[PDB]
Structures are given as C-alpha cells and as structure tokens.
Amino acid sequence: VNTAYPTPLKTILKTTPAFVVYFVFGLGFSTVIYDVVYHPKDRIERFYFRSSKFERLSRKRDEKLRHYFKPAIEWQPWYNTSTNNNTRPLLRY
Amino acid sequence: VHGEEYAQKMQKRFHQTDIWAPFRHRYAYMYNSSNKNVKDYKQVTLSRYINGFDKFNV
Ligand SMILES: CCCCCCCCCCCCCCCCCC(=O)OC[C@H](COP(=O)([O-])OCC(O)COP(=O)([O-])OC[C@@H](COC(=O)CCCCCCCCCCCCCCCCC)OC(=O)CCCCCCCCCCCCCCCCC)OC(=O)CCCCCCCCCCCCCCCCC
Ligand SMILES: CCCCCCCCCCCCCCCCCC(=O)OC[C@H](COP(=O)([O-])OCC[N+](C)(C)C)OC(=O)CCCCCCCCCCCCCCCCC
C-alpha cells in the first residue's frame, strides 16, 4: 500500500518552499505598511480625495479651526515672530 | 487717525453691495477647490509616521 503522492503533484511541490518564503516576506511587508499607516491615525483613514465635497469639508473643519481660526482670532501685534518664520498661508500665493 | 471719511473711503470697495465677492490672493483648484493638508509642512511630513498629530475628530 504505497500511498505516495501523484507524480504531477510531487513534481509541483518542489518549488513550494519558494512560494512559502515569498508569502512570508510579502505578508511582512504588507503588515509593516499597514501598521505604519495605522498607528499615527489609530485607523486606516480613507483617502481625502476618496470622499464627497461635504465629507471633505466636515473632515477638515476641525483642523482648519484648530490651526488657523484660533490663532487668527487671538492674534496680537507682538505674537508674530520677528524672524518672519510664520505659518504658511493655507492657499499659498 | 487721518480721518473717518478717509477710513470709510479706504474700506469701501464696491458701489453696489448686493453681491458678495470675497478677496482672495488665489482660488483653490485641487481637490474640488479644497485643502487636503490643513497643516504645516513639518506636521504633514511627521503625522504620516508619528502618533499624536491627528486629533480624532470623533
Ligand atoms: C543584547 C543586549 C541588550 C540590548 C538592548 C538594546 C536596546 C533595547 C531598547 C531600550 C529602550 C527601550 C525603551 C522602552 C520605552 C519607550 C518605548 C517607546 O517610546 O515606544 C512607545 C511608542 C508609542 O507608545 P504607544 O502609543 O503606547 O505604543 C503602542 C503601540 O504603538 C500601539 O500599536 P497600534 O495599536 O497602533 O498598532 C500598530 C503597531 C503594531 O505594529 C507592531 O509593531 C506589531 C507587529 C507588526 C508585524 C511584525 C512582523 C515582523 C516580522 C515580519 C517578517 C520578517 C521576515 C524577514 C526577516 C527575518 C525574520 C526571521 O505598529 C506600529 O506602531 C508601527 C511600527 C512598525 C514596526 C516596523 C516593523 C517591525 C519589525 C522590523 C523588521 C525588520 C526587518 C527584519 C530583520 C531580520 C533580522 C534577522 O510605541 C511604538 O511606537 C511601538 C513601536 C514598536 C515597533 C515594533 C517592535 C517589535 C515588535 C515585535 C517584533 C520583533 C521582531 C524581531 C525580529 C528578529 C529576527 C531575528
Ligand atoms: C549586523 C547588524 C544587523 C542589524 C539588522 C537590523 C535591520 C534594521 C531594523 C530596523 C527596524 C528596527 C525597529 C526597532 C524598534 C523601533 C521602535 C521605535 O523607534 O519606536 C517608534 C516610536 C514611535 O512612537 P510614537 O509615534 O508614539 O512617538 C510620538 C510620541 N509622542 C506623541 C509622545 C511625542 O518612537 C519613539 O519611541 C520615539 C523615540 C525614538 C528614538 C529613535 C529610535 C531609533 C531606532 C533605531 C533602531 C536601530 C536598530 C539597530 C540595531 C543594530 C544591531 C547591531
């Protein structure tokens, strides 16, 4: 009762370890990319251009308010640095 | 300081005020006239790899 592998399958299996190593490396690379892009945001944030206009506005409203509105409304003549190293305009001209 | 009339003339921009035309140095074009990165260059560079830059708008 020689329950050996079929000849074609046995021939095919020779290159399988290369496939396994490739899968190991590819999974490592994909997981590293996923973790690198996941940790800063605590999630896989959808691409900005992959969203509606209203969704984009809602997403960026908080950032605009925190970065521009508050300094703009709390501005004082002596807050600006004398070295002219100020934040760039949102729409650079 | 120069005069109330002078200040009023300086501030006035349109004869007819029925139309609102905000002043802009330039008009946004990319991303359907929006800003993808409302941040500094340093923040834009770092936030893609460092935690704490995103404020979790939820
Ligand atoms: C000997 C004497 C002693 C010497 C002493 C030396 C010095 C010792 C250290 C001293 C100082 C200690 C200080 C401690 C306190 C301060 C810590 C601090 O500031 O950090 C807090 C800081 C912020 O704190 P926190 O917010 O509370 O953190 C919570 C998490 O961030 C929250 O996580 P999350 O929920 O957001 O999830 C995402 C998180 C979760 O992601 C993970 O890190 C989890 C694991 C992801 C997958 C890992 C797969 C790895 C294998 C893939 C396949 C490889 C095949 C090819 C290589 C051959 C392998 C045999 O990922 C990230 O944050 C992104 C980091 C990406 C890491 C990059 C990939 C790591 C592997 C590198 C591979 C290199 C190439 C191969 C080398 C081959 C050599 C033979 O946290 C971090 O940023 C943590 C970073 C961790 C990096 C990964 C660490 C390794 C994990 C275990 C795997 C080890 C593999 C080794 C392989 C060896 C083979 C031979
Ligand atoms: C013959 C020698 C062969 C050597 C083979 C080595 C191959 C290359 C391996 C590279 C990957 C190693 C990853 C180790 C873990 C890194 C963790 C880390 O940086 O934390 C991120 C975390 C990210 O956390 P974070 O994003 O939350 O940080 C922001 C934190 N707040 C908001 C509070 C400001 O960063 C920190 O911990 C901050 C301090 C970083 C300090 C600099 C780290 C440099 C690491 C260099 C490692 C070099 C290893 C050389 C080994 C040589 C052996 C001989």
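As stated in the entry header, the method of structure determination is cryo-EM and the reported resolution is 2.9 Å.

A. Quick look at the pattern of salt bridges. Taken as a whole, this structure holds seven salt bridges over all chains when the rule is applied. For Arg48(B), the salt bridge goes to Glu45(A), with nearest N and O atoms at 3.8 Å. Taken together, the residues span two chains, with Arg48(B) in the segment after α3 (41–47) and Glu45(A) in the loop between α2 (16–38) and α3 (53–73). By relative accessible area, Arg48(B) is classed as partly exposed at 35%. Overall, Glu45(A) belongs to the partly exposed group, its relative accessible area being 28%. Within this structure, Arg43(A), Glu45(A), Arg48(B) and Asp54(B) form a network of salt bridges that share partners.

B. Here's a closer look at the site of ligand 1. Residues and elements named next belong to chain A. Around ligand 1, the neighbouring residues are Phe25, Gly28, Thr31, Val32, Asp35, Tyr38 and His39. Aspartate 35 has a polar side-chain atom sitting 3.4 Å from an oxygen atom of ligand 1. One of the side-chain nitrogen or oxygen atoms of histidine 39 is found 3.1 Å away from an oxygen atom of ligand 1. Taking 1900 Å² as the accessible area of ligand 1 by itself, protein coverage stands at 18%. Residue composition of the shell around ligand 1, grouped by class: three nonpolar, three polar and one charged.

C. The interface of chain A and chain B, seen in detail. With 28 residues of chain A at the interface, the matching set in chain B holds 25 residues. A buried area of about 2400 Å², summed over both sides, lies between chain A and chain B, and 53% of it is on carbon and sulfur atoms. Considering only the side of chain A, the residues that lose the most area to chain B are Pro40(A), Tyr48(A) and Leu91(A), jointly responsible for 23% of the buried surface there. Seen at the junction of chain A and chain B, the total is two salt bridges. Residues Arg43(A) and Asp54(B) are paired through a salt bridge, measuring 3.0 Å at the closest nitrogen-oxygen approach. Applying the counting criterion to the chain A and chain B interface returns eight residue pairs in polar contact. For the side of chain A that touches chain B, the secondary-structure elements that each account for two or more residues are α2 and α3 of chain A. In terms of residue count, α3(A) provides more of the side of chain A that touches chain B than any other element does, 11 residues in total. The residue makeup of the side of chain A that touches chain B, split by class, is 11 nonpolar, three polar and 14 charged.

D. The site of ligand 2, seen in detail. Ligand 2 sits among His39(A), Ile50(B) and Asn51(B). Close to ligand 2, residues of chains A and B are found. At 3.2 Å, a backbone N or O of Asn51(B) approaches an oxygen atom of ligand 2. Compared with its free state, where it exposes 1200 Å², ligand 2 has 10% of that area covered by protein.

About the thresholds
Residues numbered from 1 in each chain as written, not as in the entry; some residues may be left out. Chains lettered and ligands numbered in written order. Part of a larger assembly, values for the part shown. Heavy atoms only, no water. Salt bridge = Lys/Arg side-chain N within 4 Å of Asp/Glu carboxyl O. Helix = DSSP H or I, 4+ residues; strand = E, 2+ residues; numbered from the N terminus. Buried < 20%, exposed > 50% of the residue type's maximum accessible area, 1.4 Å probe, protein only. Near = heavy atom within 4 Å. Polar contact = N/O pair within 3.5 Å; in protein donor to acceptor, adjacent residues only side chain to side chain. Areas by Shrake-Rupley, 256 points an atom, 1.4 Å probe, with all protein chains shown as cover. Nonpolar A, V, L, I, M, F, W, Y, C, P; charged D, E, K, R; others polar. Contact = heavy atoms within 4.5 Å. Buried area = accessible area lost by both parts, 1.4 Å probe.

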